[PDB]
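Numbering (the authors' numbering), first residue to last: 5 to 221.
Note sheet for the following structure.
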Ligand SMILES: CCNC(=N)NC(=O)Nc1c(CC)cccc1CC
Ligand SMILES: [Mn+2]
Ligand SMILES: [Mn+2]
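Below you can see the structure in the form of structure tokens.
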């Protein structure tokens with residue numbers, strides 16, 4: 005019944021918590037990253053890393069700090085890829101080994117309409133027309149935004165480059181899948197070319213969860 009486990013393969017352990025349990029602490033090496041942060045930010049940072057460390061233990065990796073790189077990206081141990089996300093009512097993480105998968109991204113959002121003006125900032129004109137044609141009963145605008153965030157999180161670890169909202173065209177299928185088509189240069193750091201990603205999505209517990217796994221070559 006866990007949301008991340010429903011949209012990623014069994015080979016990628018995941019862990020999620022819906023509240024901030026009492027008594028958690030960051031590892032000493034992580035404390036400087038949130039020393040001057042408000043309580044809401046300290047709590048999501050600490051709880052998501054407790055989830056990541058649980059998933060890393062399933063891979064046989066013991067307790068390790070998860071620091072942030074120059075573009076805010078989490079810095080995983082050698083031979084590990086992963087992703088983390090937090091929203092009100094959700095903290096989650098997923099990790100995998102580089103010999104099984106190339107990259108993973110996840111994102112969680114509340115299942116509600118986007119705030120005013122956000123859809124115009126994140127969607128291509130063609131995506132807006134596509135969302136209007138989808139069946140009634142799902143907040144397609146919020147699902148599109150969620151899928152764009154997951155696209156960036158799967159892309160950045162492979163390219164080390166920015167990806168704007170206008171740089172990817174996402175097509176959502178009501179069956180719980182989506183595709184992301186990259187509209188800019190897709191040269192990856194390993195010499196290969198990224199052009200498209202396949203994603204999965206689920207709506208449950210008032211939340212939307214999207215995931216992309218970039219598979220082994
Ligand atoms: C496909 C285009 N999507 C993105 N480029 N998305 C992000 O940059 N998202 C983001 C933002 C901007 C909303 C701020 C802080 C941290 C992150 C990284 C998860
Ligand atoms: Mn967050
Ligand atoms: Mn997010």
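Just so it is clear, CB atoms sit at the ideal spot from N, CA and C, and this is done for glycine as well.
CA-to-CA distance, residue j to residue i, given in whole angstroms
| i | j | result |
| --- | --- | --- |
| residue 123 | residue 156 | 17 Å |
| residue 224 | residue 113 | Not covered by the structure: residue 224. The range shown for the chain is 5 to 221. |
| residue 10 | residue 22 | 16 Å |
| residue 167 | residue 130 | 18 Å |
| residue 1 | residue 38 | Since the first residue shown for the chain is 5 and the last is 221, residue 1 is missing from the structure and cannot be characterised. |
| residue 217 | residue 35 | 30 Å |
| residue 178 | residue 137 | 11 Å |
| residue 164 | residue 5 | 34 Å |
| residue 96 | residue 55 | 6 Å |
| residue 127 | residue 117 | 14 Å |
| residue 115 | residue 31 | 32 Å |
| residue 67 | residue 28 | 14 Å |
| residue 111 | residue 191 | 24 Å |
| residue 85 | residue 132 | 32 Å |
| residue 53 | residue 26 | 15 Å |
| residue 239 | residue 89 | As shown, the chain starts at 5 and ends at 221. That puts residue 239 outside it, with no answer to give. |
| residue 170 | residue 43 | 33 Å |
| residue 189 | residue 109 | 20 Å |
Own chain partners of residue i with C-beta closer than 8 Å, once the 5 adjacent residues on each side are dropped
| i | result |
| --- | --- |
| residue 33 | 69 and 71 |
| residue 77 | 160 and 161 |
| residue 41 | 49 |
| residue 7 | 20, 94, 96, 112, 206, 208, 209, 211 and 213 |
| residue 193 | 162, 163 and 164 |
| residue 12 | 18, 98, 108, 110, 204, 215 and 217 |
For residue j and residue i, believed in contact at Cβ under 8 Å, the rounded distance
| i | j | result |
| --- | --- | --- |
| residue 107 | residue 60 | Incorrect: roughly 16 Å between the Cβ atoms, too far for contact. |
| residue 214 | residue 154 | 4 Å |
| residue 158 | residue 201 | 6 Å |
| residue 104 | residue 220 | 6 Å |
Sequence-distant residues of its chain with Cβ nearer than 7 Å to residue i (five each side left out)
| i | result |
| --- | --- |
| residue 24 | 47 and 51 |
| residue 58 | 19 |
| residue 172 | 152, 155, 184, 185, 186 and 187 |
| residue 175 | 134, 182 and 183 |
Buried/exposed call for residue i, threshold 16 Cβ in 10 Å
| i | result |
| --- | --- |
| residue 87 | buried |
| residue 45 | exposed |
| residue 64 | exposed |
| residue 210 | exposed |
| residue 62 | exposed |
Would you be able to state if there are at least three C-beta pairs under 8 Å between the region 139-151 and the region 201-217? yes
Three or more beta-carbon pairs under 8 Å between the region 98-105 and the region 14-30, yes or no? These segments touch.
Under 8 Å, with one C-beta from each stretch per pair, do the region 192-199 and the region 171-183 reach the 3-pair mark? no
Using a Cβ distance threshold of 8 Å, determine whether the region 113-133 contacts the region 79-86, with at least three qualifying pairs required. no
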